[PDB]
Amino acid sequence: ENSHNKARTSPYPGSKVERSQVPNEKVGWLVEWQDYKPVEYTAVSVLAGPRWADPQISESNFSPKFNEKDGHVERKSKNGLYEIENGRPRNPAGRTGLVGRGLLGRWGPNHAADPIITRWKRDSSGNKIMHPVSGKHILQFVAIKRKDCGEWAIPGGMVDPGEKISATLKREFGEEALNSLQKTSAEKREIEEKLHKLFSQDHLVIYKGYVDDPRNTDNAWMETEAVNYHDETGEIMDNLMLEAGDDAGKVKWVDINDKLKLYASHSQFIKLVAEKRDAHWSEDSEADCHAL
């Protein structure tokens, strides 16, 4: 019973555009609202028609195949089918008060991928560390500090046109967490060997689908695929130094626990990983709120 909230904040990112107000009871498309009048807005950068953006719906020869693989553009939503009304997609989470695409290049789902690389925290002797409160070992994951807003986050990113989610995962992690774009060539082989063995081991899909994002509109929204590549022994990430890509101010292994503050919905993803890996999570048991 919780409506998307970030997707209804104003002004729209990178603009002064104010979204039309949407009472929570009228978020669902199923709810009748004849007077609903969303503000129309698509960023100039998207309207300019770059290679990563779709044409406007009116463009004569533009015939998108929604809810399916449409060439080098994946139009399927990972939450199932989304409705087409008035020739364009309808946000599956509901009304947002704004039509058009805002800063999103694609009509409909705009896919991203979030590679969560984890390993157990280890001491000077290479042994795991148990937390006394949970009795579980502490897990860490590779996080980057965003240059634009300085928020810590999973090193993810947009799926490029024609790119496979698996490639986006490998590419985003390497480029921003290892800085593969600027590493002794050939030495890039090893990063590929290691990431290869790492991303070849069995991973876990943590989350797929809609992401409540301030860039979302009634017609275009963000979706992600968060996947966890875990290094159980530590052998793989062992000798792989983290180096920030040019899009990150910092990069480092971050201890996982319920106190973490991360970008977007990344902390929800981290909580799920700790659950699946049976890692420590509860920092404080508020025992003092009950004990004499």
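Position 1 is the first residue in the sequence shown; the rest follow in order.
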### Query
Taking the recorded C-alpha temperature factors, which stretch has the higher mean, 122-130 or 182-190?
182-190
### Mean C-alpha B-factor comparison - 226-234 and 52-60, higher one
52-60
#### Entry: Candidate set 27, 244, 39, 254 [ranked by C-alpha B-factor, highest]
244
### Summary
Top Cα B-factor in this entry, restricted to 138, 195, 99, 93, sits on 195
### Query
What third of the chain, by the recorded C-alpha B-factor, contains residue 32?
lowest
### Message
By the recorded C-alpha temperature factor, relative to the other modelled residues in its chain, which third is residue 268 in?
### Response
middle
### Task
Ordered by C-alpha B-factor within the chain, which third holds residue 152? Give me lowest, middle or highest, please.
highest
### Task
Place residue 18 in the lowest, middle or highest third of its chain's C-alpha B-factors, as listed in the PDB entry.
middle
### Message
For the chain shown, is the CA B-factor of residue 239 in the lowest, middle or highest third of its modelled residues?
### Response
highest
